[PDB]
Amino acid sequence: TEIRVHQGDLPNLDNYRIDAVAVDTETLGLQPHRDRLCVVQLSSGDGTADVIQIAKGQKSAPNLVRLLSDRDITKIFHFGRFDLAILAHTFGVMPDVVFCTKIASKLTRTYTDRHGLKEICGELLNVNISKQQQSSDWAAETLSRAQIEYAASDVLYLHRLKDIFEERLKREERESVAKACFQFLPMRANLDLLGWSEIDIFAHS
Amino acid sequence: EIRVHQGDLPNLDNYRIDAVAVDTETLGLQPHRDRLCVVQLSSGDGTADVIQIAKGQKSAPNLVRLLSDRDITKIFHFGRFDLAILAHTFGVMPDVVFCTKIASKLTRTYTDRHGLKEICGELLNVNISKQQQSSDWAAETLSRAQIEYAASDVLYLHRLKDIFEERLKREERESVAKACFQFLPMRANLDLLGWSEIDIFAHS
Amino acid sequence: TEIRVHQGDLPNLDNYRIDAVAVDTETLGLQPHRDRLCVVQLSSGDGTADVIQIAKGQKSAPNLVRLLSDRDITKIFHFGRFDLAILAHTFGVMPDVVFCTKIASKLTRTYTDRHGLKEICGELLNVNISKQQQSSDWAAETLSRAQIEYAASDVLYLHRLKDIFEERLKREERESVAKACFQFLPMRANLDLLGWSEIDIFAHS
Amino acid sequence: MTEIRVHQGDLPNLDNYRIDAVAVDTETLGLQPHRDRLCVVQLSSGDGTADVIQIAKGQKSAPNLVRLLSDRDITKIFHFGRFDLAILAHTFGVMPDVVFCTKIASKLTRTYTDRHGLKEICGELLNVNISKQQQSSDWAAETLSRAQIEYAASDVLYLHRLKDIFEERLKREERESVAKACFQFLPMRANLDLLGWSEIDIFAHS
Amino acid sequence: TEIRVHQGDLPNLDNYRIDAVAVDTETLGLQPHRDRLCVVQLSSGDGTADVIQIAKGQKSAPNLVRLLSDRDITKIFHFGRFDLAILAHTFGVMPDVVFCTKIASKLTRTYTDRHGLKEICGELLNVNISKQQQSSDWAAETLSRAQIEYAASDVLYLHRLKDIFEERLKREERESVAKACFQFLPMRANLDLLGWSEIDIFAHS
Amino acid sequence: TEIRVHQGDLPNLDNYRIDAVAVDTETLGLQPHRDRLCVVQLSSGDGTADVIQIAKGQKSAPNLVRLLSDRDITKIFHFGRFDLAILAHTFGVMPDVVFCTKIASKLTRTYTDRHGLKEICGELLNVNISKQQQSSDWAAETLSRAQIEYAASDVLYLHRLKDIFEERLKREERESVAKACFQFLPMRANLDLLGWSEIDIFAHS
Amino acid sequence: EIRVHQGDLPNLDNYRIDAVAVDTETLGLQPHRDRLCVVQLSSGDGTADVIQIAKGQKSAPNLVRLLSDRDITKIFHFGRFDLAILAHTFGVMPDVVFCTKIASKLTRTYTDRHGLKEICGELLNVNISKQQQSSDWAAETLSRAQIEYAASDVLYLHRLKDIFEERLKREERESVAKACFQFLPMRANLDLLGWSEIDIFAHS
Amino acid sequence: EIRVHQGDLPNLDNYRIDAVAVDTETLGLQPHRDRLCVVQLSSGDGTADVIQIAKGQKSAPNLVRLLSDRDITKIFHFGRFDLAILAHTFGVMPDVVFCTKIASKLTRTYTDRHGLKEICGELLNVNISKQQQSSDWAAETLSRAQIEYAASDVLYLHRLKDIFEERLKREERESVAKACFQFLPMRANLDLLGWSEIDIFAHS
């Protein structure tokens, strides 16, 4: 499987003149103010991925950020709440056109409580995601082949999952519900950055 | 001054305004089991309308016209609940809302008490009495204590909204609040559809 | 408030030629195999009560038991699950025509989670129940006046509560639901005596 | 080897169900009957075969199935019938009133364990292995997978044999009348769930 | 291993003219008032065991009970708290000279929190206890071979465990503490039968 | 209310030629290895009390310890588990003839879950214990009158409570149960000093 | 006597002393979100200085001089919080500190209540009112009750420190407390860096 | 190579070094009840010394020389435990330490698994077997499995310390870690004195 590794940014957008792009991130942890963005992964859905190493202190990634800003391109995430927060914190741009397979799973796979990407890929695609490298030093100057393959696996299948989840949202008549959740998701990520990451803002208490 | 009505407002003469305070009373917290019993409205002029909703009542045209009017902001405290029961009962989901509980959670960061009683006490030195919160709101005739509790829940929302808007401006959270209000009707729909116990945005 | 105190049993049922009788018990504790029946309270709903002291090791109370066995007389309890268990354990007869105000409250007072008799009496009747004597030596040879008044207070209002709860069950169309619950309640008390007192027999786990 | 007959909508007729007791199970889109539709109803006569009935979205009628559900001369055997009774009554409007539940029976007889699931019971009582891999699957799919069909059938193929053993244990420990009263209330317990008390033990002190 | 299976009682005490006997029980569950005694197991420590089926409603087992009341014979249990209760409840004799390997483990195996018999046998003896039949129908008229072997495995090793725990109690100077725990253990079992099974009688709350 | 305050020890035993002495302690906290014994309180039951301030580092108290050692004098405590541990840890003598009103309450006041001394004195004697000074500096050179009264209140009523609990133990036929619990209590206190203060040594886990 | 100042002390004339009592008020418990609003100081003479901190204020030279002065002990109650917000706001972490809450946890072993209100009541028979703890500390004008609460938090720390020092000596824990106070600034830094929810010394 | 000794190292010939890896085995987690049974050392050269400590042993002169030598850093994994039992047993608290568990918590922010086994697996692809962790460490003769487990706990600490030092430098947390290591002996002392269940820095 072809995985193109880059330093800093995509060299150009020639592989991303598309309606929808799969996006994922790797970091030194779950706390965007402490744990820096280390990797950004992209896939056009053609079975290949781009794995972009983000340097410490890196302030710009113009080609990546152009995609994230392009309202004509849907950014597909799994649990985009996290990715949106670290991407916006790092480069100062919050995408506003998104699809999230974890929210989609919670709205459609009502017959299970397991909504992780590994579980979804196994059930919907018979694809095995290995999570061995999930907790690894993503800030390493040189990523191992296993790290690169894990990072790519998080974006290689999101188009196919989105297709299936769109079928399920239509079947159960929840398209407008999913759309409103996706519309709010960038602000949910902003709330996390602003200090409400532990607070369900809609809860009674 | 509290105007008590059966079924619906007699007319909209008191609600040619920019924003209306809205609250509801029910037989409990479960909209599929616990019917809407009372709808309270206030213009902010210190008067309230308390509308008794009958069992099985399917319509209330004057109330619903207000709820439908995109030029009128519906102010709630914890509108998540009121939006659900109103939409479930009359079939219309308001889409222009302000919620003082979300606003409190976004501004009163110096406390963990965001109930309406606590907010009214701190911001207005107004005393809300919760004694009738748990009462038979389906009664044919509401007690004087019930009518006054129901009215107290809308009499102050305009004044609270003004203060919270100052706080949202001061701490630069106006667009955060606006996106939360924009999603609140769909959050209420999610509750009606079966996700009332689920934070749809949580990782697990 | 007339409260007639008896040793062992009523002398006759002349005050109980009625369609429903309010019943409550006091004991040495919540565990019927360890904590003996000490007091049985009755009221016809006329604002008077009978308080019957049960002796240690007492095996029969024929007038009381005739009432408990009479299928033409509904026995009204608050939380009859407990009273039914201790009554059947002590005298060998399980009443099978019952009404429970706590079950009725849970089926109708859906706007609260407080279903205690004190709470219900306050809300429905504006009647104040003092629970100071609830935890006291109910096995004492002579009950104090405060004990006797607490014991009587537990039965003096059950008819009035049943009337209101019957109105609410009709209004919310739950009469057949309530009837089924009352029909099962004696066997729920039996399940407690047999060893399932800590088990919700209908739960998935 | 196990004959599994798959149907769309309803049984074609009741020729296989002129019997005193029928094993019943359901598959759905989830645990919430107001949100999660009935997708499959499974039946067995106890002869080692099973009928697996796909229920369409929006389907309001299943006349032959519902005939059995309403026939008071036929005991409907479930495992954890509390759930099945709720979604069946919610979908077709008929609550069965003559039932036997192997989970309740297990709680009243297998006092030497805390594991009352169907897989555990089949393993202990029959040395039969139940595989739960398809329990969480898309039961609304237009075509069920072979694995799905076999899971669905496995939930009804053994209930008669389990009922027989549990009746033996209920007699031995003298709990027949207790079990009977539990089964008599179970339909109303399922109704309480539909009406809004699914999270409430109605008999609890608090 | 030789496992002698008996109905009702030992035929005689020819194998039990010894200073200490290993004892275990099987039942229909953990609640002695509901769940009858089904099996009593004994071993003299010679690698053989006796497995005694107790009939429903059986009131007498004179040879077994002679041993239980013989103050010259220490009764060894693993978690005797349970066995003492069901034995005393069934036959009316509470042993008063006992040793418990679970209490002993809690007083000596301070380097672990796993005090079950299976864990103890693996560590101290490299003996594998299979727990598959622990939850089984112990009231069956004919016990399976696997049930018989499980029941015997619970007594075949208690002498060997006791010898080791005695060495450890001496080594850490806790012999008098263990002795006082064993002296109280029959009353702890009695407390369970009387209604305090869920109460640590010595706790502050 | 006559309360005699002493430094170090009783001046003599003239007020303690009796069959039972009420005993309580005050400390710098709940951990006997960290928090030193500060006060020992005694009462003969005559409505007076002795309050003995114990100095930091004090290793003996001959008159007090004579009483603690005297097999012919029952030491009455409320929750003696604590007092026994700190007394034995400080002066090296573990009393072995004891009565504990908290254990007695748990064996008799089965109609409540409130077994503190304040609640017991309220119910059984209509005596009000004020707990304001329970958390105070018991190591202070000069105790306040409020502290002295709190300390004395803990021993002034134990004789009267013991009398009532002995009546209840006899009534419910639990005398031998209580006696066995009191007999183990000194070893329960030793178990705490040795490192099992957080462990119910009789629990299955 | 309570002196209210804008931005900073006018001078250090009242603080030519060995130890100063310090407290802070904020918009909440999260230093990256909730700005510093008030800094309170007392010399121990029964008077207090209440300093209102402006939104976006970056410097307070006289206050920061005190905070940086290695010759002056800064006395806090639960300084873990005050150290974090003061350092995050003005860039200077005090490194000579005494904390009465740590002191209380090391000496008041006979209770589990270590709040400032409980300590003042027990040790001084002084009643601290908490009514204004949760209030809008960012208000342009502080109420008298707010000012008195702020001042009450520093007016007694000298007297409490004196008592706690006697207890630390009596129970022979002086070097334990010193080591705790020595690490406290770094514990506050760990909070600012993202470990505020983590006991860094715990096994798990 | 694993060298097993009774009582003490025979000499310090193998420990004329800048840092020594140290671990302990005991009869349990409570130092006042559960005696020190084994002390393990390694110089980092791939060999280890395993010292059986006798019941009631008060002296280990060569070992204790290392522990009090301020020119030698003592490397631990979760030294909070080892420091407590060593100081309780021999009366000397080391004052120059490095802890791989604290270092992991400060650097391996991408996981919540900070045990030695997980650390060795990720950082070194070294498999630590925990089978003997709960065993009778007071046995007169340790099994080979026990000896290998005990040695494994020190054979890799130098290599881990080097990697953690790289991570601390990369993320600029060196002074944070130093302060944590400085307080760690006092944290172990707090455990011995009776605060083992208390986070002394917590609000409650």
# chains A, B, ... in the order shown; residues from 1 in each chain; ligands from 1
call {"tool": "interface_residues", "arguments": {"of": "chain A", "to": "chain D", "cutoff": "7 Å", "atoms": "only C-alpha atoms", "output": "ChimeraX atom specification"}}
result
/A:110-112
call {"tool": "calpha_fit_and_write", "arguments": {"fixed": "chain B", "moving": "chain G", "output": "compact mmCIF listing (two decimals) with C-alpha atoms, in the first residue's frame"}}
result
# COMPACT_ATOMS: atom_id res chain seq x y z
CA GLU G 1 -50.07 40.32 37.15
CA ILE G 2 -50.51 36.77 35.89
CA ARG G 3 -53.01 35.96 33.14
CA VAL G 4 -54.26 32.36 33.21
CA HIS G 5 -55.59 30.95 29.94
CA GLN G 6 -57.13 27.68 28.80
CA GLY G 7 -55.52 26.04 25.77
CA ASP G 8 -53.92 29.05 24.08
CA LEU G 9 -53.39 32.77 24.26
CA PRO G 10 -56.50 34.70 23.13
CA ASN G 11 -54.31 36.75 20.76
CA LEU G 12 -50.75 37.99 20.26
CA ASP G 13 -51.38 41.60 21.32
CA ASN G 14 -48.95 41.42 24.24
CA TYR G 15 -46.26 39.69 22.14
CA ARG G 16 -45.50 42.08 19.28
CA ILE G 17 -41.93 42.02 20.57
CA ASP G 18 -38.40 40.93 19.64
CA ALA G 19 -38.02 38.21 22.28
CA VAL G 20 -40.41 36.21 24.48
CA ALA G 21 -39.63 34.28 27.65
CA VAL G 22 -40.95 30.71 27.54
CA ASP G 23 -41.25 27.89 30.06
CA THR G 24 -43.28 24.70 30.44
CA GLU G 25 -44.69 22.52 33.19
CA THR G 26 -45.40 18.82 32.71
CA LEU G 27 -46.22 15.60 34.53
CA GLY G 28 -42.52 14.66 34.53
CA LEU G 29 -39.20 14.64 32.72
CA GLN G 30 -40.02 12.06 30.03
CA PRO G 31 -41.73 13.78 27.07
CA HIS G 32 -43.12 10.55 25.56
CA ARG G 33 -44.77 9.60 28.88
CA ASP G 34 -45.34 12.90 30.71
CA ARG G 35 -47.72 15.25 28.94
CA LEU G 36 -47.35 19.00 28.60
CA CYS G 37 -49.56 20.69 31.22
CA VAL G 38 -48.64 24.39 31.22
CA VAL G 39 -46.90 26.82 28.91
CA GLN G 40 -45.71 30.08 30.45
CA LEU G 41 -44.84 33.24 28.54
CA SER G 42 -43.67 36.71 29.48
CA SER G 43 -42.91 39.75 27.34
CA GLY G 44 -40.49 41.04 29.96
CA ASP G 45 -42.86 43.74 31.25
CA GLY G 46 -43.19 42.06 34.64
CA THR G 47 -46.42 40.26 33.67
CA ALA G 48 -46.87 36.63 32.67
CA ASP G 49 -49.31 34.45 30.75
CA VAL G 50 -49.92 30.96 32.16
CA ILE G 51 -51.57 28.63 29.65
CA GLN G 52 -53.06 25.33 30.82
CA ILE G 53 -52.70 22.61 28.17
CA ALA G 54 -55.37 19.93 28.09
CA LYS G 55 -54.66 16.22 27.96
CA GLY G 56 -54.60 15.21 24.31
CA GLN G 57 -54.49 18.83 23.13
CA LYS G 58 -52.86 18.96 19.70
CA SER G 59 -52.89 22.64 18.70
CA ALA G 60 -52.31 26.10 20.16
CA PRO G 61 -52.29 28.38 17.11
CA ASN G 62 -51.30 31.65 18.80
CA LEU G 63 -48.58 30.05 20.92
CA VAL G 64 -47.26 28.07 17.96
CA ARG G 65 -47.22 31.23 15.84
CA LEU G 66 -44.84 32.79 18.38
CA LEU G 67 -42.73 29.63 18.49
CA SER G 68 -42.46 29.61 14.69
CA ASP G 69 -41.73 33.34 14.31
CA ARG G 70 -38.13 33.63 13.08
CA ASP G 71 -38.21 37.32 14.03
CA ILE G 72 -38.81 36.57 17.73
CA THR G 73 -36.14 35.03 19.93
CA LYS G 74 -37.49 32.45 22.37
CA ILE G 75 -35.68 32.82 25.72
CA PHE G 76 -35.57 29.72 27.93
CA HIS G 77 -33.80 28.54 31.01
CA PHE G 78 -32.59 25.06 30.02
CA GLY G 79 -34.53 25.21 26.77
CA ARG G 80 -33.28 21.72 25.92
CA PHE G 81 -36.26 20.41 27.90
CA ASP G 82 -38.89 22.98 26.90
CA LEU G 83 -38.01 22.67 23.21
CA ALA G 84 -38.42 18.89 23.34
CA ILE G 85 -41.86 18.84 24.96
CA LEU G 86 -43.20 21.79 22.93
CA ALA G 87 -42.08 20.24 19.65
CA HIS G 88 -43.34 16.80 20.62
CA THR G 89 -46.74 18.23 21.64
CA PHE G 90 -47.55 20.69 18.85
CA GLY G 91 -45.17 19.62 16.05
CA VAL G 92 -43.13 22.84 15.78
CA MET G 93 -39.52 23.20 16.87
CA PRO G 94 -38.45 26.80 17.60
CA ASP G 95 -35.24 27.69 15.79
CA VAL G 96 -34.33 31.13 17.25
CA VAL G 97 -33.50 30.58 20.91
CA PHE G 98 -31.49 31.82 23.87
CA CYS G 99 -30.84 29.60 26.90
CA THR G 100 -29.83 31.14 30.21
CA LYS G 101 -28.46 27.85 31.50
CA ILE G 102 -26.09 27.44 28.56
CA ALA G 103 -25.33 31.17 28.92
CA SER G 104 -24.53 30.63 32.61
CA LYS G 105 -22.28 27.64 31.88
CA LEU G 106 -20.37 29.85 29.40
CA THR G 107 -20.00 32.87 31.74
CA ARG G 108 -20.54 31.97 35.41
CA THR G 109 -17.27 30.06 35.40
CA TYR G 110 -16.77 30.85 39.12
CA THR G 111 -19.43 28.39 40.32
CA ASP G 112 -20.87 24.99 39.46
CA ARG G 113 -24.45 26.01 40.33
CA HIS G 114 -26.33 26.92 37.17
CA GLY G 115 -29.93 26.42 38.28
CA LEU G 116 -32.44 29.18 37.64
CA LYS G 117 -32.86 29.74 41.38
CA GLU G 118 -29.13 30.25 41.94
CA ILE G 119 -28.82 32.55 38.92
CA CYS G 120 -31.74 34.78 39.92
CA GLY G 121 -30.39 35.05 43.45
CA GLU G 122 -26.91 36.04 42.33
CA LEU G 123 -27.70 38.22 39.31
CA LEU G 124 -30.99 39.83 40.41
CA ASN G 125 -31.30 39.27 44.18
CA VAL G 126 -34.60 37.58 43.31
CA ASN G 127 -35.64 34.52 45.33
CA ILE G 128 -37.20 31.72 43.29
CA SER G 129 -39.11 29.24 45.45
CA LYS G 130 -38.96 25.66 44.15
CA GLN G 131 -41.73 24.32 46.42
CA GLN G 132 -44.23 23.74 43.60
CA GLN G 133 -41.73 22.34 41.07
CA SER G 134 -42.85 18.80 41.96
CA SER G 135 -46.64 19.15 42.02
CA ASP G 136 -49.63 17.91 40.04
CA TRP G 137 -49.27 20.23 37.06
CA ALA G 138 -52.15 18.38 35.36
CA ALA G 139 -54.70 19.53 37.96
CA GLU G 140 -57.84 21.04 36.47
CA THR G 141 -57.30 24.11 38.69
CA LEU G 142 -53.78 25.28 39.44
CA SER G 143 -53.14 26.61 42.91
CA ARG G 144 -51.99 30.18 43.36
CA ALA G 145 -48.57 28.89 44.44
CA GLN G 146 -48.36 26.76 41.28
CA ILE G 147 -49.32 29.72 39.10
CA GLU G 148 -46.75 31.93 40.81
CA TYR G 149 -43.98 29.36 40.37
CA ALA G 150 -44.84 28.95 36.68
CA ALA G 151 -44.85 32.74 36.21
CA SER G 152 -41.63 33.23 38.22
CA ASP G 153 -39.85 30.97 35.72
CA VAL G 154 -40.46 33.43 32.86
CA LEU G 155 -40.72 36.82 34.62
CA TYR G 156 -36.94 37.30 34.78
CA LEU G 157 -35.50 35.70 31.64
CA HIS G 158 -35.30 38.99 29.69
CA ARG G 159 -33.28 40.61 32.48
CA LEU G 160 -31.07 37.53 32.76
CA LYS G 161 -30.51 37.41 29.00
CA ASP G 162 -29.46 41.08 29.08
CA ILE G 163 -26.90 40.37 31.80
CA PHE G 164 -25.63 37.19 30.15
CA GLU G 165 -25.21 39.05 26.86
CA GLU G 166 -22.98 41.59 28.60
CA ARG G 167 -20.91 38.73 30.04
CA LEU G 168 -20.66 36.93 26.69
CA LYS G 169 -19.40 40.14 25.10
CA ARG G 170 -17.04 40.92 28.00
CA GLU G 171 -15.43 37.47 27.80
CA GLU G 172 -15.62 37.37 23.98
CA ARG G 173 -17.78 34.24 23.72
CA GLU G 174 -20.67 35.57 21.63
CA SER G 175 -20.06 33.25 18.68
CA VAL G 176 -19.64 30.24 20.99
CA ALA G 177 -23.02 30.91 22.58
CA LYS G 178 -24.65 31.49 19.19
CA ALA G 179 -23.41 28.12 17.91
CA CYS G 180 -24.64 26.41 21.08
CA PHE G 181 -28.07 28.03 20.71
CA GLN G 182 -28.08 27.02 17.03
CA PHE G 183 -27.62 23.34 17.89
CA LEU G 184 -29.94 23.37 20.91
CA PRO G 185 -33.12 22.56 18.89
CA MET G 186 -31.39 19.52 17.40
CA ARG G 187 -30.14 18.49 20.85
CA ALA G 188 -33.80 18.52 21.89
CA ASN G 189 -34.69 16.49 18.79
CA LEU G 190 -31.94 13.99 19.62
CA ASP G 191 -33.63 13.64 23.02
CA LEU G 192 -37.02 12.96 21.42
CA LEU G 193 -35.49 10.46 18.98
CA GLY G 194 -33.91 8.32 21.73
CA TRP G 195 -30.50 9.85 22.55
CA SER G 196 -31.59 11.75 25.68
CA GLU G 197 -29.00 9.91 27.81
CA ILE G 198 -26.16 10.25 25.28
CA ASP G 199 -23.66 13.07 24.92
CA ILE G 200 -23.40 12.71 21.15
CA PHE G 201 -20.01 14.49 21.11
CA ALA G 202 -18.31 12.40 23.78
CA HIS G 203 -15.51 9.99 22.95
CA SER G 204 -17.23 7.26 24.95
call {"tool": "select_by_dssp", "arguments": {"residues": "range 7-134 of chain A", "states": "strand (DSSP E or B)", "output": "compact mmCIF listing (two decimals) with N, CA, C and O atoms, in the first residue's frame"}}
result
# COMPACT_ATOMS: atom_id res chain seq x y z
N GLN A 7 7.61 16.04 4.84
CA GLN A 7 8.05 16.88 5.95
C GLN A 7 7.34 18.22 5.84
O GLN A 7 7.46 18.90 4.82
N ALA A 20 -14.05 15.46 -1.20
CA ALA A 20 -13.98 15.04 0.19
C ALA A 20 -12.62 14.42 0.47
O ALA A 20 -12.13 13.63 -0.33
N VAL A 21 -12.04 14.77 1.62
CA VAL A 21 -10.71 14.29 1.98
C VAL A 21 -10.75 13.68 3.38
O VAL A 21 -11.36 14.24 4.30
N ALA A 22 -10.10 12.53 3.53
CA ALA A 22 -9.99 11.88 4.82
C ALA A 22 -8.81 12.47 5.59
O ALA A 22 -7.73 12.67 5.02
N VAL A 23 -9.02 12.80 6.86
CA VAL A 23 -8.03 13.52 7.66
C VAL A 23 -7.91 12.86 9.02
O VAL A 23 -8.92 12.47 9.62
N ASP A 24 -6.68 12.74 9.52
CA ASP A 24 -6.43 12.27 10.88
C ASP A 24 -5.16 12.92 11.38
O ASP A 24 -4.39 13.49 10.61
N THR A 25 -4.95 12.88 12.70
CA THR A 25 -3.76 13.47 13.29
C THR A 25 -3.12 12.49 14.27
O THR A 25 -3.78 11.60 14.79
N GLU A 26 -1.83 12.69 14.51
CA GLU A 26 -1.14 12.08 15.64
C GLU A 26 -0.38 13.18 16.38
O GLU A 26 0.06 14.17 15.77
N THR A 27 -0.24 12.99 17.69
CA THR A 27 0.22 14.02 18.62
C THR A 27 1.02 13.35 19.74
O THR A 27 1.10 12.12 19.81
N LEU A 37 0.98 18.82 17.90
CA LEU A 37 0.70 18.12 16.65
C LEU A 37 1.99 17.55 16.06
O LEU A 37 2.97 18.27 15.86
N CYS A 38 1.98 16.25 15.77
CA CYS A 38 3.17 15.58 15.26
C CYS A 38 3.01 15.09 13.84
O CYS A 38 3.98 15.10 13.07
N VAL A 39 1.82 14.63 13.48
CA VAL A 39 1.56 14.04 12.17
C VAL A 39 0.18 14.49 11.74
O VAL A 39 -0.73 14.58 12.57
N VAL A 40 0.03 14.78 10.45
CA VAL A 40 -1.28 14.91 9.81
C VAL A 40 -1.34 13.90 8.68
O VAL A 40 -0.43 13.82 7.85
N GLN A 41 -2.43 13.13 8.63
CA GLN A 41 -2.61 12.13 7.59
C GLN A 41 -3.79 12.51 6.72
O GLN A 41 -4.81 13.02 7.22
N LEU A 42 -3.65 12.26 5.41
CA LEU A 42 -4.65 12.56 4.40
C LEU A 42 -4.83 11.37 3.48
O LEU A 42 -3.87 10.66 3.15
N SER A 43 -6.06 11.15 3.04
CA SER A 43 -6.29 10.23 1.95
C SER A 43 -7.38 10.79 1.06
O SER A 43 -8.37 11.35 1.55
N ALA A 49 -2.25 7.01 0.91
CA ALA A 49 -2.30 8.03 1.96
C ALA A 49 -1.08 8.95 1.90
O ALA A 49 -0.02 8.59 1.38
N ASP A 50 -1.26 10.14 2.46
CA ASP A 50 -0.16 11.06 2.71
C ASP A 50 -0.01 11.24 4.21
O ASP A 50 -0.98 11.53 4.92
N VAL A 51 1.21 11.05 4.69
CA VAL A 51 1.55 11.14 6.10
C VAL A 51 2.53 12.30 6.20
O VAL A 51 3.64 12.23 5.65
N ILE A 52 2.11 13.38 6.86
CA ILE A 52 2.87 14.63 6.92
C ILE A 52 3.40 14.81 8.33
O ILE A 52 2.63 14.98 9.28
N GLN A 53 4.73 14.82 8.47
CA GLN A 53 5.34 15.08 9.76
C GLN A 53 5.39 16.58 10.04
O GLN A 53 5.92 17.36 9.24
N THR A 74 -15.39 18.50 1.77
CA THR A 74 -15.75 17.94 3.06
C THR A 74 -14.56 17.25 3.69
O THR A 74 -13.95 16.38 3.07
N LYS A 75 -14.23 17.61 4.93
CA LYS A 75 -13.19 16.91 5.67
C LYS A 75 -13.84 15.78 6.46
O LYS A 75 -14.72 16.04 7.29
N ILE A 76 -13.42 14.55 6.18
CA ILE A 76 -13.95 13.36 6.84
C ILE A 76 -13.00 12.98 7.96
O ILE A 76 -11.80 12.80 7.71
N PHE A 77 -13.53 12.81 9.18
CA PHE A 77 -12.74 12.39 10.32
C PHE A 77 -13.39 11.17 10.97
O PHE A 77 -14.57 10.91 10.78
N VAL A 98 -17.50 19.32 7.65
CA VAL A 98 -16.93 18.08 8.15
C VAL A 98 -17.97 16.96 8.19
O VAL A 98 -19.18 17.19 8.19
N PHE A 99 -17.45 15.74 8.22
CA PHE A 99 -18.21 14.52 8.46
C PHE A 99 -17.41 13.71 9.47
O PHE A 99 -16.19 13.59 9.32
N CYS A 100 -18.08 13.17 10.50
CA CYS A 100 -17.41 12.40 11.54
C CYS A 100 -18.02 11.01 11.63
O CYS A 100 -19.20 10.86 11.96
call {"tool": "atom_distance", "arguments": {"atom1": "CA of residue 55 in chain E", "atom2": "CA of residue 110 in chain D"}}
result
18.1 Å
call {"tool": "closest_residue", "arguments": {"among": "F:147, F:141, F:197, F:181", "to": "chain H", "atoms": "only C-alpha atoms"}}
result
F:197
call {"tool": "residues_around", "arguments": {"residues": "residue 102 in chain F", "least_positions_apart": "2", "cutoff": "9 Å", "atoms": "only C-alpha atoms", "output": "list in words"}}
result
residues 202 and 204 of chain E; 77, 78, 79, 80, 100, 104, 105, 106, 107, 115, 116, 117 and 120 of chain F
call {"tool": "select_by_dssp", "arguments": {"residues": "range 50-137 of chain C", "states": "alpha helix (DSSP H)", "output": "PyMOL selection string"}}
result
chain C and resi 62-69+80-91+101-108+117-125
call {"tool": "residues_around", "arguments": {"residues": "residue 73 in chain C", "least_positions_apart": "5", "cutoff": "10 Å", "atoms": "only C-alpha atoms", "output": "list in words"}}
result
residues 16, 17, 18, 19, 20, 21, 67, 68, 95, 96, 97 and 98 of chain C
call {"tool": "closest_atom_pairs", "arguments": {"of": "chain A", "to": "chain G", "cutoff": "9 Å", "atoms": "only C-alpha atoms", "output": "CSV"}}
result
residue,atom,partner,partner_atom,distance
A:31,CA,G:194,CA,7.4
A:33,CA,G:194,CA,7.4
A:34,CA,G:194,CA,5.9
A:35,CA,G:194,CA,8.9
A:194,CA,G:33,CA,6.5
A:195,CA,G:33,CA,5.9
call {"tool": "closest_residue", "arguments": {"among": "F:30, F:94, F:10, F:121", "to": "residue 187 in chain F", "atoms": "only C-alpha atoms"}}
result
F:94
